[PDB]
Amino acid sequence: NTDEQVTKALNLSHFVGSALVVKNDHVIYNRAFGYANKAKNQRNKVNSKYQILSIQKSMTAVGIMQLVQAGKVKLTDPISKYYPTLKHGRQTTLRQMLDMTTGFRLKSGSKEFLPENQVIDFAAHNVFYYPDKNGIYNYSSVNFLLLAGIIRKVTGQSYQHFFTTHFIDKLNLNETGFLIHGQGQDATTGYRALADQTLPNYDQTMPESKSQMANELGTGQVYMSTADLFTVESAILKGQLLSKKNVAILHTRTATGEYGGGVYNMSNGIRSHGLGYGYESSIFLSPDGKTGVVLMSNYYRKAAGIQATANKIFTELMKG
């Protein structure tokens, strides 16, 4: 029984959050564990909202590739086309930015809360360039912040506007939004764990300032339910937002990394993972978008990471 084996694996890892498993487009597991907000005695629910974190990068990537399908950008474009004031790494292509094969890094964003255009400007002006990292896989969030800046520049509207129109309104997502506006009903709280902690105690909540939220432009500023996250990633692989031909060009690994077009590309589908602000997010999805696992947790513990758990579940699920 899938339910017994998934529940046992989630209990063993002291899972806190919501868990979703889908096999051939049928939900075969949908359960929540522990507390959304311990002080208010609010349990996590299957439709609770959690931070998608870096999994938002897969959606920023699709936004870029939509602009490619519409003939407004090319993947061979240099970053200097969109950011003419850059001194260094000007030849870096949109393709590299999408694959995390750039030498760009932003050490930190602004300490103040800034509107989108000033976040983008802060990045363009403070980003460091390491020539040694050019062309080789290295995770660097600023790549996707700068890609969200390209969406803004090309469209003449906000990234929030792009995201709301192209995902939230488009797929009728009822548990999806930006954290900066508040989660609303069935909100979760992020909890801070210690390095060695496995057992949830809800001792410490984890702060996130409005500046931190603004600084996650394109990279990790959105909440979703498990269902909403599965809807989006499934819709992508199924050709609902972008041609399947363009999905395959986007989701192409590199010589040095599985990562390609905002996801990790494996032999048996895709993986995306997020960490931050007390949260962890994990999705594993089959190539056809019909089989996979979403775990989202508001109580990240290094010593009880949810990605290993999702991976184990997914590996078994894909055996049949």
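Note that residue numbering follows the sequence shown and begins at 1.
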Quiz item: When the C-alpha temperature factors are averaged for each of 64-72 and 277-285, which stretch ends up with the higher value in the entry?
Solution: 64-72
Exercise. Between 225-233 and 195-203, point out the one with the higher average CA B-factor as the PDB entry records it.
Key: 195-203
Quiz item: Of the choices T164, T101, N143, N215, which one's C-alpha carries the largest B-factor in the record?
Solution: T164
Self-check item: Chain-wide C-alpha B factor ranking for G109, given as lowest, middle or highest third
Solution: highest
Quiz item: In terms of the chain's CA B-factor thirds, is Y137 lowest, middle or highest?
Solution: lowest
Self-check item: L295 - which third its CA temperature factor falls in, relative to the rest of the chain
Solution: lowest
Quiz item: Once the chain's modelled residues are ordered by C-alpha B factor and cut into thirds, is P78 in the lowest, middle or highest one?
Solution: middle
Quiz item: What third of the chain, by the recorded C-alpha B-factor, contains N174?
Solution: highest
